[PDB]
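Shown here is one chain on its own, the form deposited in one PDB entry, set out as structure tokens.
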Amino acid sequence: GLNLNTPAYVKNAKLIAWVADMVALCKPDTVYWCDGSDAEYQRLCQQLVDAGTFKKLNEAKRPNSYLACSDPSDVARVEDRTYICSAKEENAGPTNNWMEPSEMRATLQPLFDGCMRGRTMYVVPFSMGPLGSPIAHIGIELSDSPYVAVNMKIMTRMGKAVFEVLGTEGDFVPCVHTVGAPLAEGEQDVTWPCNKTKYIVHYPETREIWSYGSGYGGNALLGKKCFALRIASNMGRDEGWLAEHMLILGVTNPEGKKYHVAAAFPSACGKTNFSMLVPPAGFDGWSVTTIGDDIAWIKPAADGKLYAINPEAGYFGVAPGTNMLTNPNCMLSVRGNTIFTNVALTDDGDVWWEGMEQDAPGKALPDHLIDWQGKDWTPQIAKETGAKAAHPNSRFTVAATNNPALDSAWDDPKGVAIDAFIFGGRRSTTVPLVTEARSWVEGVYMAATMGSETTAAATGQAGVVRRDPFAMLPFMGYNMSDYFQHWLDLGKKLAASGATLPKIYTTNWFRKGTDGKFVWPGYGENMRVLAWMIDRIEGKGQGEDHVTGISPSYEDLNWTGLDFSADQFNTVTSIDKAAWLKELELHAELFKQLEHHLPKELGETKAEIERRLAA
């Protein structure tokens, strides 16, 4: 067989045998084992610069940073090409794409046979969770993309240290990735190799992940969505814990009390911005710190609390919209040591994306850019055609340690206790600014039935309302109704300790006015909603009972420093009977689709809401 170039520190015979088998299948020219060092990162970045995949940014404006632009067919997740291949179709469920596992294996085998001819296979060892901690899991991703390798260095704990934990007998999650663009002898490569045919396949019984044809984000960084949500959610269902599409933040009030909250918003619907928000005027003495911005692993303890950890090591964040007013901690995070994907290039070798003009002299657009497709871009082109200089799903990749608001426990494997959960989708209508659920069951109902308008984070038509239970529609690794039951059963376990359960809130930052602009300013002003949640956690916040739960009155929030009237508050908090009647019929359609194993508690809760609407 091909020389694996196995390092001496790899002591795991089963791992080596699996690599050998994948090398025999994929047939790369050579094999390279990533050690995770800073020096290797620099070498791989230089290799990407030579291929044209990276441009090195101006070191005076953006130190040790790089810009990649991708093929326009490969800019986002492809949900229709993503599969849960469980043994039984009912363990994938109606929210997932299923194929009989032997039939998927026969489909993928000819695609992966020889997929890496002409390329290097990079062996990318990584830990999700702190290295060697009781809650961490180790994965090995084989990829023919050095872009994957350098992004995994930032997003995970990557490299040779993993093999001390694996030892001789440790188990690992097996991940195989190819851009699906094998190269014949002497063939010239493209700057962003990919395939218009794509598959992202999970076999839960074996924890195998196979990815074909995409080099982009969640399709190709397999530790993130594929393992730490899809495979992990399955493991959690079996072992009594949760893997959730949630930020985790700490918030300290002026009395020095610190609380932690976990919030599930759908893809490109506000988590990263919320997870490091800066308290605005009126909140002297408050602080907000980031534990994670995207994935949370959560389990209950004997003390009746829920403990959350962030299994990632960095942020893979949406760039457009980011500036010193919307997310200054993010702006400071990406000052250097960052990879940017599909943003624009300034004449001086810096990066630009829509939204940055809010910090510019005269708040004006740059005179000239190279947009993410390599085309000349100007304010005149943008005015006449609406051309975006940065793709709407353009991303930065940056280490968590760049974040000035990073929580000191961000990598503590003991986790943080969650005092409240927040769920919220992108809804132009219907859903009020913030609602507290009256019980755990009603909160699970909130989360199970939430809707959200599609975004550029996956391909397809944006702006369409769909059901997105728990913000996990693209990421649930088993039947969604069983996952609802898991959340209900978790609540009963917590309550049996005698504890008070974490409260569950619904939020909506995204109500629109008649011109399609947002009625609520959002971003740092979301602190004013968070502060009410903290008041409620302490039993000092007032609220009014309405159809869907308990909501603050105008006087229950701090408006110091924000010009937002009681009339504007009434608009975004009023419960509209007609809109909620329509919404509950969309819940009924979801419950028909999810009939199999649907918890009866959900239909019971729906009936109670219907009574309150008809009262």
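Note that residue numbering follows the sequence shown and begins at 1. By rigid core we mean the largest C-alpha set that fits within 1.5 Å across both forms.
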Absent coordinates for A458 in a third or more of other compared entries: yes
Taking the mean of the C-alpha B-factors per stretch from the entry, tell me the winner out of 422-430 and 159-167. 159-167
Taking the recorded C-alpha temperature factors, which stretch has the higher mean, 257-265 or 141-149? 141-149
Per the entry's Cα B factor values, which of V519, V179, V190, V343 stands out as the maximum? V190
With respect to the C-alpha temperature factors reported in the PDB entry, which of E208, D74, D293, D113 ranks highest? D113
If you rank every modelled residue in this chain by C-alpha B factor, which third holds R467: lowest, middle or highest? lowest
Going by the recorded CA B-factors, say which third of the chain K577 sits in, lowest, middle or highest. middle
Within this chain's modelled residues, let me know which third the CA B factor of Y66 belongs to: lowest, middle or highest. lowest
Ranked against its chain, the third holding the CA B-factor of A51: highest
Lowest, middle or highest third - CA B-factor, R528: lowest
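The following text describes the form deposited in another entry, which does not appear among the structures shown.
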If you fit the rigid core between the shown form and the other one, which of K153, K225, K271, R426 ends up with a C-alpha shift of 2 Å or more? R426
Determine whether the C-alpha of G374 shifts by 2 Å or more between the shown form and the other one once the rigid core is superposed. no
Core aligned, does the CA of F564 move at least 2 Å between the shown form and the other one? yes
After the core is matched up, is the C-alpha of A578 off by 2 Å or more between the shown form and the other one? yes
